[PDB]
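The data block below is data-v8.cif; it holds mmCIF, N, CA and C atoms and all ligand atoms.
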```cif
data_entry
loop_
_atom_site.label_atom_id
_atom_site.label_comp_id
_atom_site.auth_asym_id
_atom_site.auth_seq_id
_atom_site.Cartn_x
_atom_site.Cartn_y
_atom_site.Cartn_z
N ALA A 1 94.11 87.74 96.95
CA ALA A 1 93.60 87.45 95.61
C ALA A 1 92.49 88.42 95.21
N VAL A 2 91.52 88.58 96.12
CA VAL A 2 90.41 89.51 95.97
C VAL A 2 90.47 90.47 97.15
N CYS A 3 90.43 91.77 96.86
CA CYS A 3 90.57 92.79 97.89
C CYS A 3 89.54 92.59 98.99
N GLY A 4 90.00 92.49 100.23
CA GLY A 4 89.06 92.28 101.31
C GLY A 4 88.51 93.54 101.94
N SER A 5 88.58 94.68 101.26
CA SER A 5 88.26 95.93 101.93
C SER A 5 86.76 96.11 102.04
N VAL A 6 86.33 96.57 103.20
CA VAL A 6 84.94 96.88 103.46
C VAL A 6 84.84 98.36 103.78
N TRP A 7 83.71 98.95 103.40
CA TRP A 7 83.47 100.34 103.74
C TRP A 7 82.01 100.53 104.14
N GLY A 8 81.75 101.66 104.79
CA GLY A 8 80.45 101.95 105.34
C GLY A 8 79.69 102.94 104.47
N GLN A 9 78.48 103.29 104.93
CA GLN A 9 77.59 104.03 104.04
C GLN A 9 78.13 105.42 103.71
N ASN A 10 78.89 106.04 104.61
CA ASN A 10 79.42 107.37 104.34
C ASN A 10 80.88 107.35 103.89
N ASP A 11 81.37 106.21 103.42
CA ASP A 11 82.68 106.11 102.79
C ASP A 11 82.51 106.12 101.28
N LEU A 12 83.34 106.89 100.59
CA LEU A 12 83.31 106.92 99.14
C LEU A 12 83.93 105.65 98.56
N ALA A 13 83.45 105.27 97.38
CA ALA A 13 84.01 104.16 96.62
C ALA A 13 83.86 104.50 95.15
N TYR A 14 84.24 103.57 94.28
CA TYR A 14 84.12 103.80 92.84
C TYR A 14 83.18 102.80 92.20
N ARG A 15 82.26 103.31 91.40
CA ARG A 15 81.62 102.54 90.36
C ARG A 15 82.44 102.69 89.09
N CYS A 16 82.43 101.61 88.31
CA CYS A 16 83.00 101.72 86.95
C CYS A 16 82.08 100.90 86.04
N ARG A 17 81.31 101.58 85.18
CA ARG A 17 80.36 100.88 84.29
C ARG A 17 81.13 100.20 83.16
N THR A 18 82.39 100.58 82.97
CA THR A 18 83.23 99.92 81.93
C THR A 18 83.70 98.56 82.47
N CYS A 19 84.00 98.47 83.76
CA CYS A 19 84.61 97.26 84.31
C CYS A 19 83.61 96.34 84.99
N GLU A 20 82.46 96.84 85.42
CA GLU A 20 81.56 96.06 86.25
C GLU A 20 80.92 94.93 85.45
N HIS A 21 80.48 93.90 86.16
CA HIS A 21 79.59 92.92 85.55
C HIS A 21 78.14 93.10 85.99
N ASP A 22 77.87 93.98 86.95
CA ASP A 22 76.50 94.36 87.25
C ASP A 22 76.52 95.69 87.99
N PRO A 23 75.40 96.41 88.02
CA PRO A 23 75.43 97.78 88.54
C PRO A 23 75.69 97.88 90.03
N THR A 24 75.67 96.78 90.79
CA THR A 24 76.01 96.85 92.21
C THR A 24 77.50 96.65 92.46
N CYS A 25 78.29 96.39 91.43
CA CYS A 25 79.71 96.21 91.66
C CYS A 25 80.39 97.53 92.03
N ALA A 26 81.48 97.42 92.79
CA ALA A 26 82.22 98.60 93.22
C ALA A 26 83.61 98.18 93.68
N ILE A 27 84.57 99.11 93.58
CA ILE A 27 85.89 98.91 94.14
C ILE A 27 86.26 100.06 95.07
N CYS A 28 87.11 99.76 96.05
CA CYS A 28 87.52 100.76 97.01
C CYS A 28 88.38 101.82 96.34
N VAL A 29 88.50 102.97 97.02
CA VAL A 29 89.28 104.08 96.45
C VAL A 29 90.72 103.67 96.15
N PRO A 30 91.46 103.02 97.05
CA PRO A 30 92.83 102.65 96.69
C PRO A 30 92.92 101.69 95.51
N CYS A 31 92.00 100.73 95.39
CA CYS A 31 92.04 99.85 94.22
C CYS A 31 91.77 100.63 92.94
N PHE A 32 90.88 101.61 92.98
CA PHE A 32 90.68 102.43 91.79
C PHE A 32 91.95 103.19 91.44
N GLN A 33 92.55 103.85 92.43
CA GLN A 33 93.75 104.64 92.20
C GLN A 33 94.88 103.79 91.63
N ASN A 34 95.02 102.56 92.09
CA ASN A 34 96.12 101.72 91.63
C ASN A 34 95.76 100.89 90.40
N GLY A 35 94.66 101.21 89.71
CA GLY A 35 94.29 100.56 88.48
C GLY A 35 94.21 101.55 87.33
N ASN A 36 93.79 101.04 86.19
CA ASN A 36 93.82 101.79 84.93
C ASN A 36 92.39 101.92 84.42
N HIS A 37 91.81 103.10 84.58
CA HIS A 37 90.44 103.35 84.14
C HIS A 37 90.34 104.62 83.32
N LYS A 38 91.41 104.98 82.62
CA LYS A 38 91.31 106.17 81.80
C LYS A 38 90.37 105.94 80.63
N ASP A 39 89.51 106.92 80.42
CA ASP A 39 88.41 106.92 79.47
C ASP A 39 87.32 105.92 79.85
N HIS A 40 87.38 105.33 81.05
CA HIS A 40 86.27 104.51 81.52
C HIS A 40 85.13 105.40 82.03
N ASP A 41 83.94 104.81 82.07
CA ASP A 41 82.77 105.47 82.63
C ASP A 41 82.73 105.17 84.12
N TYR A 42 83.57 105.88 84.87
CA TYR A 42 83.65 105.67 86.30
C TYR A 42 83.11 106.87 87.06
N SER A 43 82.73 106.62 88.31
CA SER A 43 82.24 107.68 89.19
C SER A 43 82.64 107.37 90.62
N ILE A 44 83.24 108.33 91.30
CA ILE A 44 83.39 108.23 92.74
C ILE A 44 82.05 108.60 93.36
N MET A 45 81.59 107.79 94.31
CA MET A 45 80.29 108.07 94.92
C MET A 45 80.13 107.23 96.17
N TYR A 46 79.01 107.45 96.86
CA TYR A 46 78.59 106.57 97.94
C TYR A 46 77.80 105.40 97.37
N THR A 47 77.83 104.27 98.07
CA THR A 47 77.22 103.04 97.58
C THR A 47 76.40 102.34 98.65
N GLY A 48 76.08 103.02 99.75
CA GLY A 48 75.45 102.36 100.89
C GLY A 48 76.34 101.34 101.57
N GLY A 49 77.66 101.54 101.51
CA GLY A 49 78.60 100.57 102.06
C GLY A 49 78.91 99.49 101.04
N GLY A 50 79.84 98.61 101.38
CA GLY A 50 80.09 97.50 100.49
C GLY A 50 81.41 96.82 100.78
N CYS A 51 81.73 95.87 99.90
CA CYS A 51 82.96 95.09 99.92
C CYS A 51 83.61 95.18 98.55
N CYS A 52 84.92 95.33 98.52
CA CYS A 52 85.60 95.59 97.26
C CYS A 52 85.56 94.38 96.34
N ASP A 53 85.32 94.63 95.04
CA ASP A 53 85.27 93.57 94.05
C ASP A 53 86.59 93.40 93.29
N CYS A 54 87.62 94.16 93.63
CA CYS A 54 88.86 94.13 92.87
C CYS A 54 89.53 92.77 93.03
N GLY A 55 89.84 92.14 91.90
CA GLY A 55 90.41 90.81 91.86
C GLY A 55 89.42 89.70 91.59
N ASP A 56 88.12 89.97 91.67
CA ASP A 56 87.09 88.96 91.52
C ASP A 56 86.59 88.97 90.08
N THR A 57 86.93 87.93 89.32
CA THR A 57 86.51 87.86 87.93
C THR A 57 85.00 87.72 87.76
N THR A 58 84.28 87.23 88.77
CA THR A 58 82.83 87.14 88.65
C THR A 58 82.17 88.51 88.71
N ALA A 59 82.84 89.52 89.26
CA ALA A 59 82.25 90.84 89.46
C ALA A 59 82.90 91.95 88.65
N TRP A 60 84.13 91.77 88.19
CA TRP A 60 84.91 92.88 87.67
C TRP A 60 85.82 92.38 86.55
N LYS A 61 85.91 93.16 85.47
CA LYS A 61 86.78 92.78 84.36
C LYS A 61 88.25 92.79 84.78
N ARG A 62 89.01 91.80 84.28
CA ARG A 62 90.39 91.64 84.72
C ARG A 62 91.23 92.86 84.39
N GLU A 63 90.97 93.50 83.25
CA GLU A 63 91.69 94.71 82.89
C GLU A 63 91.48 95.83 83.90
N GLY A 64 90.42 95.77 84.70
CA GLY A 64 90.13 96.73 85.73
C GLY A 64 90.66 96.41 87.11
N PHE A 65 91.41 95.32 87.27
CA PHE A 65 92.05 95.01 88.55
C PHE A 65 93.20 95.98 88.81
N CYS A 66 93.36 96.37 90.07
CA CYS A 66 94.52 97.18 90.40
C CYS A 66 95.78 96.32 90.36
N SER A 67 96.93 96.98 90.50
CA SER A 67 98.20 96.28 90.42
C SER A 67 98.40 95.26 91.54
N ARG A 68 97.66 95.38 92.64
CA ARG A 68 97.89 94.57 93.83
C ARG A 68 96.96 93.37 93.95
N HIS A 69 95.89 93.33 93.16
CA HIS A 69 95.03 92.17 93.08
C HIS A 69 94.90 91.75 91.62
N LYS A 70 96.01 91.83 90.88
CA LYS A 70 96.08 91.38 89.48
C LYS A 70 96.73 90.01 89.40
ZN ZN A 101 87.09 100.69 84.74
ZN ZN A 102 89.89 97.19 97.06
ZN ZN A 103 92.80 95.96 94.04
#
```
Written as structure tokens, how would this file's structure read?
Amino acid sequence: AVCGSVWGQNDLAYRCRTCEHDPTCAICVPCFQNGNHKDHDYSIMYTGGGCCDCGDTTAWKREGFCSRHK
């Protein structure tokens, strides 16, 4: 339902200021790739590690869910 992916401090992830509900939200690289963020304000970057928010309506807009946690 919600992507269970975890990453470490030197793993890249995605911020998306268009989809997030707060600036600490992030999704893993595969969830970004399998979603639709064209013309979004997104950035691939480091985040000090984290857990993917894809599929979680409390953290991420539904239109920003990838195809596998939609
Ligand atoms: Zn987005
Ligand atoms: Zn994910
Ligand atoms: Zn996903």
Give me the residues of chain A that have any atom at most 7 Å from an atom of ligand ZN 101 (chain A); for each, the nearest atom pair and the distance in Å, rounded to one decimal. Use only C-alpha atoms and all ligand atoms, sort by chain and number, and format it as CSV.
```
residue,atom,partner,partner_atom,distance
A:16,CA,A:ZN101,ZN,4.8
A:17,CA,A:ZN101,ZN,6.7
A:18,CA,A:ZN101,ZN,4.8
A:19,CA,A:ZN101,ZN,4.3
A:36,CA,A:ZN101,ZN,6.8
A:37,CA,A:ZN101,ZN,4.3
A:40,CA,A:ZN101,ZN,5.1
A:41,CA,A:ZN101,ZN,6.8
A:42,CA,A:ZN101,ZN,6.3
A:64,CA,A:ZN101,ZN,5.1
```
Segment 19-36 of chain A: axis-aligned bounding box, 8 Å on each side, centre and edge lengths in Å, one decimal, as lines of an AutoDock Vina configuration file:
```
center_x = 85.8
center_y = 98.8
center_z = 90.4
size_x = 36.7
size_y = 27.7
size_z = 29.3
```
Sorted by chain and rising residue number, list the residues of chain A at most 7 Å from ligand ZN 102 (chain A) (counting all atoms listed in the file), each with its closest atom pair and distance in Å to one decimal, as a tab-separated table.
```
residue	atom	partner	partner_atom	distance
A:2	C	A:ZN102	ZN	6.7
A:3	CA	A:ZN102	ZN	4.5
A:4	N	A:ZN102	ZN	5.7
A:5	N	A:ZN102	ZN	5.1
A:27	C	A:ZN102	ZN	5.0
A:28	N	A:ZN102	ZN	3.9
A:29	N	A:ZN102	ZN	5.9
A:30	C	A:ZN102	ZN	5.6
A:31	CA	A:ZN102	ZN	4.4
A:32	N	A:ZN102	ZN	6.1
A:51	C	A:ZN102	ZN	6.8
A:52	CA	A:ZN102	ZN	4.6
A:53	N	A:ZN102	ZN	5.6
A:54	N	A:ZN102	ZN	5.1
```
Residues of chain A classed as helix (DSSP H, G or I) by DSSP on the backbone are to be reported as a PDB file with N, CA and C atoms, keeping the file's coordinate frame.
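Final output, saved to out08.pdb:
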```pdb
ATOM      1  N   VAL A  29      88.500 102.970  97.020  1.00  0.00           N
ATOM      2  CA  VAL A  29      89.280 104.080  96.450  1.00  0.00           C
ATOM      3  C   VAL A  29      90.720 103.670  96.150  1.00  0.00           C
ATOM      4  N   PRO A  30      91.460 103.020  97.050  1.00  0.00           N
ATOM      5  CA  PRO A  30      92.830 102.650  96.690  1.00  0.00           C
ATOM      6  C   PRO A  30      92.920 101.690  95.510  1.00  0.00           C
ATOM      7  N   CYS A  31      92.000 100.730  95.390  1.00  0.00           N
ATOM      8  CA  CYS A  31      92.040  99.850  94.220  1.00  0.00           C
ATOM      9  C   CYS A  31      91.770 100.630  92.940  1.00  0.00           C
ATOM     10  N   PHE A  32      90.880 101.610  92.980  1.00  0.00           N
ATOM     11  CA  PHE A  32      90.680 102.430  91.790  1.00  0.00           C
ATOM     12  C   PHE A  32      91.950 103.190  91.440  1.00  0.00           C
ATOM     13  N   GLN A  33      92.550 103.850  92.430  1.00  0.00           N
ATOM     14  CA  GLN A  33      93.750 104.640  92.200  1.00  0.00           C
ATOM     15  C   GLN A  33      94.880 103.790  91.630  1.00  0.00           C
ATOM     16  N   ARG A  62      89.010  91.800  84.280  1.00  0.00           N
ATOM     17  CA  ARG A  62      90.390  91.640  84.720  1.00  0.00           C
ATOM     18  C   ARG A  62      91.230  92.860  84.390  1.00  0.00           C
ATOM     19  N   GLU A  63      90.970  93.500  83.250  1.00  0.00           N
ATOM     20  CA  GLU A  63      91.690  94.710  82.890  1.00  0.00           C
ATOM     21  C   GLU A  63      91.480  95.830  83.900  1.00  0.00           C
ATOM     22  N   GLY A  64      90.420  95.770  84.700  1.00  0.00           N
ATOM     23  CA  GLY A  64      90.130  96.730  85.730  1.00  0.00           C
ATOM     24  C   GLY A  64      90.660  96.410  87.110  1.00  0.00           C
TER      25      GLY A  64
END
```
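Straight-line separation from atom N of residue 55 of chain A to atom CA of residue 69 of chain A: 5.3 Å.
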Exercise. Just how far from atom C of residue 61 of chain A is atom CA of residue 20 of chain A, in Å to one decimal?
Worked result: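 Atom-to-atom, atom CA of residue 20 of chain A and atom C of residue 61 of chain A are spaced 7.6 Å apart.
For the pair atom CA of residue 56 of chain A and atom CA of residue 22 of chain A, the separation is 12.6 Å.
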For this session: Pull the strand (DSSP E) assignments for segment 9-66 of chain A out of DSSP run on the backbone, and list those residues as a PyMOL selection string.
Result: chain A and resi 13-16+42-45+50-51
For this session: Name the closest residue to residue 58 of chain A among the candidates A:45, A:25, A:8, A:15; distances are taken between atoms, counting only C-alpha atoms.
Result: A:25
